[PDB]
Each structure stands twice: as C-alpha cells, then as structure tokens.
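Only one chain is included here, represented as structure tokens and corresponding to the form deposited in one PDB entry.
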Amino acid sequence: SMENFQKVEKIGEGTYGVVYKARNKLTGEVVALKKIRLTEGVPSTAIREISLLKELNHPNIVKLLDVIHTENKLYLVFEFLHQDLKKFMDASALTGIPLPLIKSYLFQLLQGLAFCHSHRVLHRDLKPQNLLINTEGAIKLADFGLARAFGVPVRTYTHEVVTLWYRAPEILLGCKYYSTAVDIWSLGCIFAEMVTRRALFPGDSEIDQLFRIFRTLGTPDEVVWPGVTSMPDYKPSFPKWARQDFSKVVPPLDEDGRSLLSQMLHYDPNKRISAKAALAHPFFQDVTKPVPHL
C-alpha cells in the first residue's frame, strides 16, 4: 500500500495520529502522511476529518488526496505545505509580518472558512499551528480532527472545544448553542496576532481567558450582548471593565483594519461578522497575494 512513499521526516502531532513529510517515489509529489495506528476501532476524529475533508475541496483548505486503509494502520495522504503561521510569525520575529501579507492570509483564511461554513462545517480549532502556508503565498486551514458537520439550526455539540487562547466568549460562558461564529473569533484573534505577533488573549484558565477578553473589549452587558447575564457560566460578580479604544488593541492597524477586527470580535455571535461578508470589507480593497520571505 505504502510502497510508493518514502518517509522523509516527522512533521508533528495534531489532534490525533502523527504527521510525516514524505514523497511519492513515482511522481515526485511531496505529501504529508497522517498515520493512525488502529480498543474502539476507527476514532471519531478520523471519521469526521476524512468524511468532511473529502467534501471540502477549496484552494485554502488543505487537501486530502487519498486514504490508504489497512487492518492495523490507516493513512491519510495530504497535500504538503511548507510551514505553519506560528513557525512563520516567530521567524517574522524581527521583520514583522508586513500588512499586505497579513491582509492576504486573512483574505484567504476567510475564503477557506466561508467555504467550510457554506458546507455546514465547523472547524473548531483554528490557531496558528493549524494554518499552513506555502512558498507561493497561499495559506490553508488544516487539522480537521476537531471539525464537525453541523445542522440548521444548530443543536448542542461538544462543549469541550477550541484551544483556549482562541476560544470564543460564548464557549467560555457555556452557551448551549455555538455556531460558525466561534471560528470567526478564532480568526479575529489570529488577525490581531499577525499584527502584534503576540497572542491577543493568552489566558491560563477559563476565568483568566474571560477576564483578559473583558479587559480588552469591556465586560459585556445586556446592552452589548442580549442574553449574557443569564448564561450558565456568567457571574454577577464579574468585574465590569470598561471597553478599550480599539486603536489601542492593535496600534499598527489603520481604520479599516480596526473595523474588520472589531466585527470579528463582536461579543454577540449573531452580530459577529460571517466569513462571507468579511470578504467584501474595505480592509480588502487593495488585497493582492505576496509571496512571503521563506
């Protein structure tokens, strides 16, 4: 089955499995092989990822090329990308990531996210480690092991969801229904982080996360977010911090930027901008596709 691949080096460990870079001996094509040693049979994370990735075919969604399915092992053959945002931003250490490259990745990521959401998929674990970039200037959503197909309207799904720094206030406050708006929030956080190159809400616990968010955006009340004070994990004792002027939240950002970021980090999931709608934001009027210094 694996005759044609030559392992080259181990890439890392995601939600499940282990990923290796490898090349196809007959074609030349470099691939990421996610290996799943096969208890309880095929893990639901592997079942969702494959079933969902097969449907998601988009230039900004990492592409599943093949599934080599064995009795003891299951292998996912993915298109190979060169690095992750996280690795890149730490490399962008000094330079900083230039606005045009930021705008581009953001535009692309909104594209890949729009497509997921139009295909009833929540990704649920967007964070720089999971966003992969190539040498041509493309960026792509990866690791759909946390993903899930949703229904309309949504019902309750796993509460235990999204890396904490990127996790929406509605998940933190225990809302019984979350939707596509969690992924947009993640992406908001990432946008801020390409800019400042540091995580916008690096909390070490749930209450820590909430408070950091509240310090930045204001403690939400019923006015800014109808329904909040009745949320299972909301507390009347929450300090009431004033909202900051957004220009202070990401100083390098100009008017359109701040505007876009604020709609991505709207508290009220229903008012939070959709990926689709964000594509037409003035922030993007001059969007091109620079290749990054790799």
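When you see a residue number, it is the position in the sequence shown, counting from 1. Basically, rigid core = biggest C-alpha set you can superpose within 1.5 Å across the two forms.
Note that the form deposited in another entry isn't included here; everything after this is about it.
Undergrad: Taking the rigid core as reference, which of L200, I133, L172, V77 is displaced at the C-alpha by at least 2 Å between the shown form and the other one?
TA: Just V77.
Undergrad: Please state whether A242 has a C-alpha shift of 2 Å or more between the shown form and the other one, with the rigid core used for the fit.
TA: After core superposition, the displacement of the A242 C-alpha between the shown form and the other one stays below 2 Å, so no.
Undergrad: With both forms fitted on the core, give yes or no for whether the Cα of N24 moves by 2 angstroms or more between the shown form and the other one.
TA: After core superposition, the displacement of the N24 C-alpha between the shown form and the other one reaches the 2 Å mark, so yes.
Undergrad: Please check if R148 moves between the shown form and the other one, taking a CA shift of 2 Å or more relative to the superposed core as movement.
TA: Result for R148: yes, a 2 Å-plus shift.
Undergrad: Closer or farther: how do the Cα atoms of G112 and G145 compare in the other entry relative to this form, given a change of at least 3 Å?
TA: Relative to this form, closer in the other entry.
Undergrad: Classify the change in Cα distance between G145 and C116 in the other entry as closer or farther, relative to the shown form (magnitude of 3 Å or more).
TA: Pair moves closer in the other entry.
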